[PDB]
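Please note: Cβ atoms are built from the backbone with ideal geometry, for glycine as well, and neighbour counts cover all protein chains shown. Numbers and lists here come from the model and the stated rules, or from a named source; none is laboratory data.
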Amino acid sequence: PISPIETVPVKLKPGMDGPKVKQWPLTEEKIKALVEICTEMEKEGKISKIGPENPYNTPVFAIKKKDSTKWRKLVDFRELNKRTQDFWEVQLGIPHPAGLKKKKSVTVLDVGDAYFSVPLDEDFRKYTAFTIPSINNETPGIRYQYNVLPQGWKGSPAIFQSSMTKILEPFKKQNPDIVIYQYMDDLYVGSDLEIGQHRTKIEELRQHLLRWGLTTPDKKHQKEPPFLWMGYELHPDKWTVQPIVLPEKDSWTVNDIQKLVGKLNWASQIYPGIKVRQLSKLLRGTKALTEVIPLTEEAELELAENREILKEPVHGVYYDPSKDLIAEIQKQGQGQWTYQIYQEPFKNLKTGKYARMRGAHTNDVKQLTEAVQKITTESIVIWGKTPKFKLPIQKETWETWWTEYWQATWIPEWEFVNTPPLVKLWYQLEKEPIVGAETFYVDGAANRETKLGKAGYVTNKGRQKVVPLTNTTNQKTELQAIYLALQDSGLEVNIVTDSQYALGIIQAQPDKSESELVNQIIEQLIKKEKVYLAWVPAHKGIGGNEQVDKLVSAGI
Amino acid sequence: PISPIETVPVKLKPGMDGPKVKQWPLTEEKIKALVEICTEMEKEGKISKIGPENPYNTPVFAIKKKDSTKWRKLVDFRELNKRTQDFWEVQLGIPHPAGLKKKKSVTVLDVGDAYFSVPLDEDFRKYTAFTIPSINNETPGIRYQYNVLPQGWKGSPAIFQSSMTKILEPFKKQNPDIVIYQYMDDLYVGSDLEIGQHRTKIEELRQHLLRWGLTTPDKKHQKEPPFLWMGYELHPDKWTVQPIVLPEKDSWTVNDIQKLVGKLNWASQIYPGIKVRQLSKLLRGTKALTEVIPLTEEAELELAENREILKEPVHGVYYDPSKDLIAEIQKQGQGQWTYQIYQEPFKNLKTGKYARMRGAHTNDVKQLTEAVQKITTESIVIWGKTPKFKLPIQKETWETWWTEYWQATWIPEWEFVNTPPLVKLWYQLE
Ligand SMILES: COc1ccc2c(c1)N(C(=O)OC(C)C)[C@@H](CSC)C(=S)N2
């Protein structure tokens, strides 16, 4: 049922030409499944049988998908798809539910085969030619030409989502506030009208459409209030995801842990509290999707700790442009943060989690402010505003990681919360060297190919030491040397460092790590009174390297 | 209702296609400000809607120029220039009057509205398409294409160049010594006259620019602690540089010297070959930090040599026009920042210390943007090219907040720092 809408001009990339093939000659019955459909598809004017003078072609799959009662075909445009020009992507995303409004009544209209109605430009039609030869080879050259947008074809969903944006336009103008949305084969119309009055606007629409060419048999708004939109479970006044049943096994491959890390992730939108850390922690082996990985006990400890919050269902509120937007962030440990966003207290709009990965030694204050951004970004992408932050961090420990940090940071409106796991500085180094305190010249060395280190130090009052190490990297060792040096000091100390690496890693004053080595330096720093970390260049005799690297000397 | 002129055929760079960048999500008030703008402009025949047959793109922002009242549109044409204008940096390039950097007082006028008259090529326009964003990805984009010359584009003043020479003519001879440079939508004007005398010399050009066409230099006004009364008067006469504040009172102790050995050891690959030995051997021992130790006899020959070598560089200043400047900024404190304009690492083409009050906003992402703008107008006056920045900031924070305190026409290319430098010690020219 061709539409009388302004068609769009399609072209093939310069230098190219339309495809040309000749398909796998079919027999009696299969051709009978094509002649029937095609010679009544032409009657409805979707195709047209143009014989000679057109040199191109394309194949026809006579695919009765599943096992239909009525025979169906499908012409594979794989070669054309390469040759045609580039269109603007319609799929510029997905309107995420958290930013949807409470539009009282809603309905969905099936614009499924509304692609074959919109017409294709009158010049391109030849590049969509396809032929079907007979069994007996008696009357060959049975070739049609597509009049409307064919299935699959690159520009189809492009041209459609644009043709139908022009079609709804006069309606939308005449009668606003009766908000429309569209995706592929759906029409999500909804307003603040009492059902019958809403049942009118729908039939008005259903007839404007029927007048513009595209038939829509959604028998009197034939679609129920509970919706399955791209996974999202939608109800006329709240949202969530309905089916999210993640099974368990006894010996699964990576192929299945990736689906696992998938669902738990997705569920993070609504279900307050969730972490997919340890489940993915071991996925390091980016091997084949057939190798089994004996899940750690800390992954089940999490998989189960998820299954509870996940079992008993959670609801989802909508947006109210007048009501505030305020978000808060809780520390869920292991360098994992979780946030919730509210207008009217407690009831949730959107929840989600931030977790720094692949690049350790990061600060908590820093990890906090990184999460805030992730959110400040997600806000503007959705609601169009920025959440007033509710944060578990003392101003006097924040402006000390604004005025003290190298990189520049910036968090908008934020207010102080109260929760046992407060975010703050556990320690802080000195700026001016300490008086009287013992001066520890530290040194550390290892083998580039013999891999057997040596730690140690020397003090301003002849107090030496060296703790031989094995299976320790030069980096680790330079680090181990300071810890050693930490342990042998009273309350306040001074430490001159060989390494810039270790220096710049202890300067940022971190806190968490899996490396017991760095965690152990941290612990010393936290209990110590006044710590001062100096630095002198290696390979240049600076400090005391003359006798300092003459003692920690290896056999190579 | 129109007046159709003639077109300069614009074509693409060595076998290239148009930019297909993506529209960064925008605030609400701003998406409202953009349609407020683009629709009147649509009525003005300047821009126009397209369909799917045009897959190209270019970012659109919103900025409140000078003072709060009305928004300005901005188009990150950074990719199209990269596409088209590196062949139009040749075929149709605008020469840089290298004396602009010496002229006592430079001023900048927004002569960007003058292009919106010149029609753009029927066959090229597609590559200037831009898209207006929607909140929460509800509705499909408000998709426009440029009919005339885009005010962002680096290939606009190149076209209007012809017309700009002809329109400025009467002034350039009535006022001969005045050096005028046209970079983008800007007209940099420089003389040897003092404030009072130059400020009117500019009004002169303004009125001349008014009469002779509808080219118009937008009204200038504002009042920050720093005098922002008349125009954006840059003074290329004060271009002197010595950020390296070597501690005169620091060689008293052991720790002071340990510091003094560190800064100096950088000036090694910067200033090829330096003598520091006689000083270093003074703390060759594992002594106490706070030990107030006097310097050795042959030590002064190490300090004062470099201390006088910190008064005259040599090769560095060599600007290769077939390469580009790199600007790297590093935070130093509450108000002060420090930059380095090099081109091939360690060879400093120009360094300086951006600053501001401690009793001011003391906002990091305000100073960073207002410093980025500075580093750049300076490099126009000097090199005629915008530097590649090496920013000390979170990629994603900048992407959010730059477009807020960015009172500026052009948008330089950028990069962000992953690691913590030792360069922000007291001040350091990398
Ligand atoms: C149960 O269905 C819904 C409940 C709430 C809303 C929606 C659907 N929304 C929507 O776009 O549906 C999906 C495809 C995103 C939109 C406009 S629907 C006319 C709004 S403002 N709130």
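What the table below lists for this structure:
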{"item": "Number of positions in region B:284-305 that are assigned to a loop (DSSP other than H, G, I, E, B) and either more than 11 Å from every other protein chain (Cβ to nearest Cβ) or touching a residue at least 40 places away in the same chain (Cβ under 8 Å) (or both)", "result": "5"}
{"item": "Condition met for A:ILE202 (farther than 14 Å from A:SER105 by Cβ, touching a residue at least 40 places away in the same chain (Cβ under 8 Å) and more than 14 Å from chain B (Cβ to nearest Cβ))", "result": "no"}
{"item": "Out of A:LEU349, A:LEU368, sole residue that is in contact with a helix residue (DSSP H, G or I) (Cβ under 6 Å, 6 or more places away or on another chain) and buried (at least 18 other Cβ atoms within 10 Å of the Cβ)", "result": "A:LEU349"}
{"item": "Residue in region A:523-537 that is farthest from the other protein chains (Cβ to nearest Cβ), counting only those that are touching a residue at least 40 places away in the same chain (Cβ under 8 Å) and surrounded by fewer than 18 Cβ atoms within 10 Å (Cβ to Cβ)", "result": "A:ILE526"}
{"item": "Odd one out for B:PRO52 among (1) touching a residue at least 24 places away in the same chain (Cβ under 8 Å); (2) within 14 Å of chain A (Cβ to nearest Cβ); (3) not charged (D, E, K, R)", "result": "(1)"}
{"item": "Top-ranked residue of region A:103-144 - restricted to ones that are under 17 Å from A:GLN161 (Cβ atoms) and among the charged types (D, E, K, R), ranked as farthest from the ligand (Cβ to nearest atom)", "result": "A:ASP121"}
{"item": "Failed condition for A:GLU6, given (1) assigned to a loop (DSSP other than H, G, I, E, B); (2) touching a residue at least 40 places away in the same chain (Cβ under 8 Å); (3) surrounded by 13 or more Cβ atoms within 10 Å (Cβ to Cβ); (4) within 14 Å of chain B (Cβ to nearest Cβ)", "result": "(3)"}
{"item": "Residue selected from region A:406-434 under the condition hydroxyl-bearing (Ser, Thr, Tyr) and in contact (Cβ under 8 Å) with a residue 60 or more places away in the chain, by the criterion nearest to A:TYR342 (Cα to Cα)", "result": "A:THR419"}
{"item": "Among (1) away from every other protein chain (no Cβ under 14 Å); (2) within 15 Å of the ligand (Cβ to nearest atom), the one test that A:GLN207 misses", "result": "(2)"}
{"item": "Region A:145-185: number of residues that are outside any helix (DSSP H, G or I) and more than 14 Å from A:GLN91 (Cα to Cα)", "result": "16"}
{"item": "Residue within region A:208-224 that is surrounded by 13 or more Cβ atoms within 10 Å (Cβ to Cβ), outside any loop (DSSP other than H, G, I, E, B) and touching a strand residue (DSSP E or B) at 6+ places or on another chain (Cβ under 7 Å) present", "result": "no"}
{"item": "Residue match in region A:275-288 (condition: within 15 Å of A:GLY352 (Cβ to Cβ), in a loop (DSSP other than H, G, I, E, B) and touching a residue at least 12 places away in the same chain (Cβ under 8 Å))", "result": "yes"}
{"item": "Residue list for region A:64-113, restricted to those being in a helix (DSSP H, G or I) and either of a type in the set (A, V, I, L, M) or within 10 Å of chain B (Cβ to nearest Cβ) (or both)", "result": "A:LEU80, A:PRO97, A:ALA98, A:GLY99"}
{"item": "Only listed residue being out of contact with any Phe, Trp or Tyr (no Cβ under 8 Å at 6 or more places or on another chain) and under 23 Å from A:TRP406 (Cβ atoms), chosen from A:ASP549, A:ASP498", "result": "A:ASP498"}
{"item": "Answer residue from region A:544-554, given it is of a type in the set (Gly, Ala, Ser) and more than 7 Å from chain B (Cβ to nearest Cβ) and is surrounded by the fewest Cβ atoms within 10 Å (Cβ to Cβ) among those", "result": "A:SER553"}
{"item": "Enumeration of residues in region B:230-283 that are within 11 Å of another protein chain (Cβ to nearest Cβ) and of a type in the set (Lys, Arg)", "result": "B:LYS259, B:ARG277, B:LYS281"}
{"item": "Pair list, Cβ under 6 Å, 6 or more apart: region A:216-232 residue away from the ligand (no atom under 11 Å from the Cβ), other residue assigned to a loop (DSSP other than H, G, I, E, B) and not polar (S, T, N, Q)", "result": "A:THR216/A:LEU109; A:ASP218/A:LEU109; A:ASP218/A:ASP110"}
{"item": "In region A:114-135, residue farthest from the other protein chains (Cβ to nearest Cβ) [restricted to those that are part of a loop (DSSP other than H, G, I, E, B) and of a type in the set (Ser, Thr, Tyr)]", "result": "A:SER134"}
{"item": "Single residue of region A:167-179 satisfying the filter (within 12 Å of chain B (Cβ to nearest Cβ) and buried (at least 16 other Cβ atoms within 10 Å of the Cβ)) that is farthest from the ligand (Cβ to nearest atom)", "result": "A:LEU168"}
{"item": "Of all residues in region B:325-344 being part of a loop (DSSP other than H, G, I, E, B) and surrounded by 15 or more Cβ atoms within 10 Å (Cβ to Cβ), the one that is nearest to the other protein chains (Cβ to nearest Cβ)", "result": "B:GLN334"}
{"item": "Members of region B:1-26 found to be within 14 Å of chain A (Cβ to nearest Cβ) and in contact with a helix residue (DSSP H, G or I) (Cβ under 6 Å, 6 or more places away or on another chain), listed by number", "result": "B:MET16, B:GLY18, B:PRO19, B:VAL21, B:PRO25"}
{"item": "Qualifying position, being without any contact (Cβ under 8 Å) to a residue 24 or more places away in the chain and away from the ligand (no atom under 16 Å from the Cβ), among A:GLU36, A:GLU29, A:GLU44", "result": "A:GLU29"}
{"item": "Subset tally (residues that are more than 30 Å from B:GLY93 (Cβ to Cβ) and either more than 10 Å from chain A (Cβ to nearest Cβ) or not aromatic (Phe, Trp, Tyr) (or both)) for region B:378-430", "result": "24"}
{"item": "Residues within region A:437-464 that are touching an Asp or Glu at 6+ places or on another chain (Cβ under 8 Å) and at positive phi, tallied", "result": "1"}
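Residue by residue, here is whether (1) within 15 Å of the ligand (Cβ to nearest atom); (2) under 20 Å from B:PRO52 (Cβ atoms); (3) within 13 Å of another protein chain (Cβ to nearest Cβ) holds:
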position	(1), (2), (3)
A:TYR146	no, yes, no
A:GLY152	no, yes, no
A:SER156	no, yes, yes
A:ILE159	no, yes, yes
A:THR165	yes, yes, yes
A:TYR181	yes, yes, yes
A:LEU187	yes, yes, no
A:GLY190	yes, no, yes
A:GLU194	no, no, no
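Each row is one residue, and each column tells you yes or no for (1) farther than 17 Å from A:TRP535 by Cα; (2) in the same structural domain as A:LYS550 (by CATH); (3) of a type outside the set (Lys, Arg).
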{"residue": "A:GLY453", "(1), (2), (3)": "yes, yes, yes"}
{"residue": "A:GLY456", "(1), (2), (3)": "no, yes, yes"}
{"residue": "A:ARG463", "(1), (2), (3)": "yes, yes, no"}
{"residue": "A:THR473", "(1), (2), (3)": "yes, yes, yes"}
{"residue": "A:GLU478", "(1), (2), (3)": "no, yes, yes"}
{"residue": "A:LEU484", "(1), (2), (3)": "no, yes, yes"}
